[PDB]
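Visitor: need the 3D shape of this:
(chains A, B, C, D, E, F, G, H and I, ligands or ions: 2)
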Amino acid sequence: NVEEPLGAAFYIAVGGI
Amino acid sequence: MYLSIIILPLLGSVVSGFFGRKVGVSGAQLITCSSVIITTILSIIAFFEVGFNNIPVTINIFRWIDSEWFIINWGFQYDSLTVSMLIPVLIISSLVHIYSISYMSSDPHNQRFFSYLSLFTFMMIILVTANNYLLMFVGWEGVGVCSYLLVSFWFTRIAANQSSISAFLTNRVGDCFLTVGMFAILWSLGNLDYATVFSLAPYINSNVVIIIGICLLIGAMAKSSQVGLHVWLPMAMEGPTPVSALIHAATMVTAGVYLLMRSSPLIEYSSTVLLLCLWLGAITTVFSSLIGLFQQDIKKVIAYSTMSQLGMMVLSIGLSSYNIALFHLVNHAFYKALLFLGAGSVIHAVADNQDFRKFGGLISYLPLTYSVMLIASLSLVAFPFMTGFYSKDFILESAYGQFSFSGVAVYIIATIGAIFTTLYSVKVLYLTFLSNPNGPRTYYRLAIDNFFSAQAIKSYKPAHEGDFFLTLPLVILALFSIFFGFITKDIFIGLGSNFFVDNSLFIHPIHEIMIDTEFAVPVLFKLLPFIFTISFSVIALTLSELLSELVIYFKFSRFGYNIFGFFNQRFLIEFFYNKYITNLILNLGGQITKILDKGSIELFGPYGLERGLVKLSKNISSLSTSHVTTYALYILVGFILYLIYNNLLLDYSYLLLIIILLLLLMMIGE
Amino acid sequence: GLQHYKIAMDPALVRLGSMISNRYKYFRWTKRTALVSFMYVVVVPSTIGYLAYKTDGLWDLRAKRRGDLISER
Amino acid sequence: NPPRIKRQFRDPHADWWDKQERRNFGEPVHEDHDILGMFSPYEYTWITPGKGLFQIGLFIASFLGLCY
Amino acid sequence: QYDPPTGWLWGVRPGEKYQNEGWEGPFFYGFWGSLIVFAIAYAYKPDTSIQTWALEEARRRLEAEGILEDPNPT
Amino acid sequence: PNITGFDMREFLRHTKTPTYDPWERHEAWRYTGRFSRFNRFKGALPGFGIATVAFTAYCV
Amino acid sequence: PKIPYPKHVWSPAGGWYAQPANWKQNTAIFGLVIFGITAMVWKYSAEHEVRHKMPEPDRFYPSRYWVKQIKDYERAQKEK
Amino acid sequence: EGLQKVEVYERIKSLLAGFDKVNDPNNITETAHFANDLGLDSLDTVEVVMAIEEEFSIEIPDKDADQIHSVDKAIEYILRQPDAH
Amino acid sequence: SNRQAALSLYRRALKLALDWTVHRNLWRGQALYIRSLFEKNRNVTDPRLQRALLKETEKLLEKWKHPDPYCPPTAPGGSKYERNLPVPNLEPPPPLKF
Ligand SMILES: CCCCCCCCCCC(CCCCCCCCCC)(CO[C@H]1O[C@@H](CO)[C@H](O[C@@H]2O[C@@H](CO)[C@H](O)[C@@H](O)[C@@H]2O)[C@@H](O)[C@@H]1O)CO[C@H]1O[C@@H](CO)[C@H](O[C@@H]2O[C@@H](CO)[C@H](O)[C@@H](O)[C@@H]2O)[C@@H](O)[C@H]1O
Ligand SMILES: *P(=O)(O)OCC(C)(C)[C@H](O)C(=O)NCCC(=O)NCCSC(=O)CCCCCCCCCCCCC
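Guide: Residues are numbered from 1 along each chain as shown, chains lettered A, B, ... in the order given. Ligands and ions are numbered 1, 2, ... in the order given. The structure is reproduced below:
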């Protein structure tokens, strides 16, 4: 059961908005 | 609220599709379905907002295309047609989203599936909420991309690949005329906003309205799969069944009908396009019923039924009764989904079989499924006092109510379509549940009988019913097919209702037939389709499990053999489309690639010049011998020739003639 | 330059591609071919060009009301 | 050049190197190999188009008959 | 049951990590960084389009008519 | 005509339930209590029976 | 059963049967992001939704509670 | 989770017992041949595979319909096809 | 040769009778009639007649061919066929730089 990081793409999209 | 209805389904798809790794399966389902349930809630509110109060709302966000006269905006107008059209789209999308949690619970790629139907949702809202034709075309192009992406969801199947090329290319043939029609609108008006197009339409040249309307008709013909550009729709059933309910039964195919309803202020000022509307639909509704009777796949029959009711929508628009078409477009949506979704539970119950030849007796195995599919079938046949009854049967009365040759003609044309609809309705309902078992033991072998010694734990699997997520949409859609038409019949039909008084659905006093339909039609004609439905349904029951030889006698009669195969093969239309259109286009390309672009263009061009000039240069090199006597003679020849040209006062054409003529000798070998 | 993945190079498919690549060298002016070349290089462009010539300025939609005509020529 | 036939008409149940394409590895190909494979316009083999056109014409005759 | 998400982004196996090739700094800090900085600066670039100039005059021209009730009665 | 002794009319004449076949014992299960002509139509109109009683009660 | 698949293929939509161990924690995070900008879309809409008709005071019209072009009208009409 | 040895045998056993042409229901075993052991012939045995295919909802190609001539081969041929339901 | 093909056409004949007549009651009578035809010409010996006899019934199978025959969903041509095909190569790519 490996965990998933939100990931840089999440912050790039959210930060961009 | 009015921009959140638009945007919210888009957010669910983006997260489910680009971060489905992070949200997982159940998270992606939770997000996409919630975004659709919440959007459904608001679009129900927006119905009361706009419709029941006659308060349309306008939102202009920013401009899309600014070029001199043309100012296309990212802008949205909600009116009586918009909120009415958003009800079936959002309600059915919500149920199909719920239906898919248990239906696609086995497929691996389950985030991509839920992101696509949440992307289709967005596009269908974009289409109907636009200010203008060009922003409407973003949803129109996007619904085609979403339908392509879902017809080819199982992209390792070649059959799904061919059925998706057909869907995407047939719908572009319509968009060509749709794009040209908008070009005609921009040419003659300098814009294509609905407010500007419809305010000025009565004063515009009658011929350009015909040109514009014809292009709108051809575009609407493709997405509503009318009798010309129809082949893509039955092929769309290659995709998963929930896709067939939301996109190819209740929403995307209804876009062409919405286009004519939206464009009604313009097309009311040209009776020519309304006459073609009235005959395109009449031909389509019977072209479809005659084919659906002979199909051996269940989903194929439901697809063909969708195009018959779509022809019934187009025929009504030709009667210039856009309120009935909206009422029928809405009522059809609720029961057709139930038929697709109820059938979908049948295919799931058996080992994904879709052939009628392997069903029967399943009524004791699918009691809820049979009941909801029976309710859906009576609404489709327009059994009295049911949702589908109030809508479709009134188009038939209106057709005769228009006391014209064409109206009475297409009442006849559509009354055979009513007859054969009853026949396919019986075939689906009887062969699946009421007939003798035609499938194997596995579908039926219950656990009451032992039949097993040491493997009693497994191997039974006797076609059980669905789970909560699979049946709940079926129960919800059943209520609508019993009652919804009656509750809403005053909004759309009425006799003098003022629901669409924002010039949403425009009807001209000149050819209105509402008053005569309720008064001039004889009682027998009004009640005739009910008589023809009971009579033709008992016969279909009598010719199957009661007499049932006559069909076998007919299927082997030499004449009956050919017409069975004529209608099973869909009027042979696809056969002639491939060998005369797509193969011809494919062979034209072959001529150009092989004979022109790798042939004469090379030879009468670079390769030919290269071939000949090497030959010519080698020949002139041959004159080089390094012998002084030969070179002296060359000099003497050139010397005296210059004397000839100058002293004799020759024409310069002769000198040019000699030079070419010497190159042609030197080109000649030896 | 840099090495690629191992591909099951089909001999039939690689000789079809070589034939298609080299096809231009074997073209000849034969009876059927001149008809094909004449049809698609001359006749079809000539027909399309001629109809463009005969319809240039013929129509205008700009602001035509009821009482005007699409035709201007 | 092998005979020009769509690869639709080969045996699905034969031993194929490419079962999806229905082709063996060394198998010679046609110069129309691109538009003869499985992913290509289906070839409907119900009836000849000469008879096919006739059957459609009878429906047009029936449709005009109701019009009269 | 469901499986945990898996795969090698950029083809980097779980044991190893991504190795810079030499184009990353110039592409992200230079090309993309300049394009972002250009974007914010574009938000302050004064309007120089022919429409917003012509909308102003056309507003006055329609103001001296029955359309577009002007704020001042002159 | 038809060197093989196949005649369509006699093919059609032999279109029934045969008096004897080598296969009833495996095929008979389809025409049984679960799939009888009566039990199969026992619920063809599921709610019709109850509604008739309820409708009569409302009328009275 | 379950289709075998490569474990070396990275997909943004997840892959084959991809459910993370933290699916709920991340679904919560994304649901807040969706709600956050949906409210921003709601704020922008309420300010620029333009109407030409005013709903009756006695009528169900939840738009009346946020949209400005009629919110000011109600208080403007509340002056006599 | 797929088809098991005990499942296929008991299902097939109840099928060929449906003939009125076999020697006896007690003469069928795992290794029973269609001709030497139990009573069939050239034309009956091909009707058995055309009933086996129906009751496993599969398709038997003509090239593989000839090697199948005993119950044991029928048992193993089903297990080789994962499409059996 | 001349034996396998005869048996193959028997299955095609029974398959086509069911494909046209859906009702399993009625095909059973038809199937029993077909077996009589195969039994009647059992003793034909001359190879010249055998090839001609086989050729004729191939036209009968063609002359009454169904517009669309039944095909189980997992069979080639069935509805579920090639639906969720797994990747052929499950092994990871070899270490190459592109
Ligand atoms: C998929 C369906 C498409 C069609 C839908 C329906 C179209 C209906 C309108 C068709 C339309 C416009 C076409 C516009 C095309 C541009 C836009 C294209 C779309 C993209 C935005 C064709 O107009 C053409 O009609 C042709 C036939 O008459 C003639 O063509 C030329 O012939 C040679 C002349 O020298 C050239 O040698 C040849 O080269 C040209 O061709 C010209 O008259 C004219 O150019 C208009 O038709 C109408 O035009 C008017 C004025 O003319 C005429 O009316 C009549 O005038 C008096 C008798 O004159 C009567 O007394 C009066 O009572 C009546 O009113 C009729 O003509 C009428 O029919
Ligand atoms: P077993 O009985 O398997 O032994 C077979 C033997 C070896 C005897 C061969 O059959 C044999 O050698 N027989 C003699 C020569 C021969 O090869 N005969 C083959 C059989 S001919 C035959 O059966 C003729 C009738 C064929 C069927 C006609 C009808 C076809 C179906 C029509 C369907 C129409 C739509 C439903």
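Visitor: surely residue B:372 touches residue B:475?
Guide: Yes: using CB atoms under 8 Å, residue B:372 is in contact with residue B:475, at 7.1 Å. Backbone N, C-alpha and C define where each C-beta goes, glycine included.
Visitor: who has more neighbours, these two?
Guide: residue B:372 (26 against 12; other CB atoms under 10 Å in any protein chain shown).
Visitor: anything in the helix or strand hosting the more buried one near chain F?
Guide: Residue B:372 belongs to helix B:367-380 when elements are defined using DSSP states H and E. Yes: judged by CB under 8 Å from any CB of the partner chain, helix B:367-380 comes into contact with chain F at B:367, B:370-371, B:374.
Visitor: state the distance from residue C:70 to ligand 2.
Guide: From residue C:70 over to ligand 2 the distance is 60 Å, taken as CB to the nearest ligand atom, to the nearest Å.
Visitor: host element of the most centrally placed residue in chain E?
Guide: The geometric centre of chain E, computed from its C-alpha atoms, lies nearest to residue E:39 (CA atoms, centre = their mean), at 5.3 Å. According to DSSP H and E, residue E:39 maps onto helix E:33-42.
Visitor: just checking, what packs against that helix?
Guide: Judged by 3 or more CB pairs under 8 Å, 6 or more residues apart in numbering or on different chains; DSSP states H and E, helix E:33-42 has no packing partners among the helices and strands.
Visitor: off-centre distance for stretch B:203-216?
Guide: Chain-centre distance of stretch B:203-216: 24 Å, with CA atoms, centre = their mean, to the nearest Å.
Visitor: what's the distance between the residue of chain I found nearest chain G and chain E?
Guide: Proximity of chain I to chain G (CB to the nearest CB) peaks at residue I:92, 4.3 Å away. To chain E, residue I:92 is 8 Å away according to CB to the nearest CB, to the nearest Å.
Visitor: any idea where the strands of chain E begin and end?
Guide: Assigned by DSSP state E, chain E shows no strands.
Visitor: looking at it, which residue is nearest ligand 1?
Guide: Ligand 1 sits closest to residue E:51 of chain E, with a gap of 26.4 Å, by CB to the nearest ligand atom.
Visitor: picking that back up, how many neighbours does the residue of chain I closest to chain G have?
Guide: 13.
Visitor: give me the distance from the helix or strand hosting residue D:52 to the chain's centre.
Guide: In this structure, residue D:52 is located in helix D:49-67 according to DSSP H and E. Helix D:49-67 sits 24 Å away from the centroid of its parent chain (CA atoms, centre = their mean).
Visitor: same question, stretch B:627-640
Guide: 82 Å.
Visitor: dump the C-alpha coordinates for that stretch into CSV.
Guide: What follows is stretch B:627-640, C-alpha atoms only, in CSV (Å, rounded to 0.1, in the frame of the first residue of the first chain):
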residue,chain,number,x,y,z
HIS,B,627,42.6,16.6,-81.1
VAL,B,628,43.7,20.0,-82.4
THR,B,629,42.5,19.2,-86.0
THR,B,630,39.0,18.5,-84.6
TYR,B,631,39.1,21.6,-82.5
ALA,B,632,40.4,23.7,-85.4
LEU,B,633,37.4,22.4,-87.4
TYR,B,634,35.0,23.3,-84.6
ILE,B,635,36.5,26.8,-84.6
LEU,B,636,36.1,27.1,-88.4
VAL,B,637,32.5,25.9,-88.3
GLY,B,638,31.7,28.5,-85.6
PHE,B,639,33.6,31.2,-87.5
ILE,B,640,31.7,30.7,-90.8
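Visitor: nearest residue to the residue in chain H that ligand 1 sits nearest to in space, please, no chain neighbours.
Guide: At 48.7 Å from ligand 1, residue H:59 is the closest residue in chain H, using CB to the nearest ligand atom. Excluding its sequence neighbours, the residue lying closest to residue H:59 (CB to CB, 6 or more residues apart in numbering or on different chains) is residue I:75, at 4.1 Å.
Visitor: could you pull out the helices for chain G?
Guide: Applying DSSP state H to chain G gives helices spanning G:23-48, G:68-77.
Visitor: before we move on, what about chain C?
Guide: Going by DSSP H, chain C shows helices at C:11-22, C:31-38, C:44-54.
Visitor: cool, chain E as well?
Guide: Under DSSP H, chain E gives helices at E:24-25, E:33-42, E:50-63.
Visitor: which residue does the stretch 51-200 of chain B have closest to chain I?
Guide: Counting by CB to the nearest CB, the stretch 51-200 of chain B gets nearest chain I through residue B:156, at 3.9 Å.
Visitor: wait, that residue touches residue I:83, no?
Guide: Yes: judged on CB under 8 Å, residue B:156 makes contact with residue I:83 at a distance of 7.2 Å.
Visitor: still on that earlier bit, would the residue nearest to residue H:59 count as being in a helix?
Guide: No: if the criterion is DSSP: H, G, I helix; E, B strand; the rest coil, then residue I:75 is coil and not within a helix.
Visitor: correct me, but it touches residue H:60?
Guide: No: applying CB under 8 Å as the test, residue I:75 and residue H:60 come out as separate, 10.0 Å apart.
Visitor: residues touching the residue nearest to residue F:40 when sequence neighbours are not counted, list them.
Guide: Counting by CB to CB, 6+ apart, residue B:434 is the residue found nearest to residue F:40 once chain neighbours are left out, at 5.9 Å. The contact partners of residue B:434, taken as CB atoms under 8 Å, 6 or more residues apart in numbering or on different chains, are B:360, B:363, B:545, F:40-41, F:44.
Visitor: next, residue B:434: phi, psi?
Guide: phi -90, psi -10 (degrees, to the nearest 10).
Visitor: residue B:496 - how many residues pack around it?
Guide: 6.
Visitor: now residue I:68
Guide: 18.
Visitor: which residues does it contact?
Guide: B:296, B:568.
Visitor: and the one 5 residues further on, by the same measure?
Guide: Listed by CB under 8 Å, 6+ apart, the contact set of residue I:73 reads B:351-354, I:79-81.
Visitor: over to it: give its phi and psi.
Guide: phi -60, psi -30.
Visitor: using the three-state scheme, assign the residue of chain A found nearest chain B.
Guide: Using CB to the nearest CB, the single residue of chain A nearest to chain B is residue A:4, 5.1 Å away. Following three-state DSSP, residue A:4 is assigned to coil.
Visitor: thought it was touching residue G:24?
Guide: No: applying CB under 8 Å as the test, residue A:4 and residue G:24 come out as separate, 11.5 Å apart.
Visitor: how many neighbouring residues does the residue nearest to residue H:59 have?
Guide: There are 19 residues near residue I:75, going by other CB under 10 Å.
Visitor: which ones are touching it?
Guide: Per CB under 8 Å, 6+ apart, neighbours of residue I:75: H:58-59, H:83, I:81.
Visitor: cutoff 10 Å now
Guide: Shown in contact with residue I:75 (CB atoms under 10 Å, 6 or more residues apart in numbering or on different chains): D:12-13, H:53, H:57-59, H:61, H:83, I:81.
Visitor: just residue B:215 next, same as before
Guide: Per CB under 10 Å, 6+ apart, neighbours of residue B:215: B:174, B:176-185, B:273.
Visitor: residue 1 - nearest residue in space that isn't next to it in sequence?
Guide: All of this is about chain A. residue G:21 is the one closest to residue A:1 (CB to CB, 6+ apart), at 4.0 Å.
Visitor: let me rephrase: I mean chain H.
Guide: Residue H:1 sits nearest to residue G:1 (CB to CB, 6+ apart), 5.8 Å away.
Visitor: specify the local secondary structure of the residue nearest the centre of chain D.
Guide: Centroid-nearest residue in chain D, with CA atoms, centre = their mean: residue D:43, separated by 1.4 Å. Of the three states, residue D:43 takes coil under three-state DSSP.
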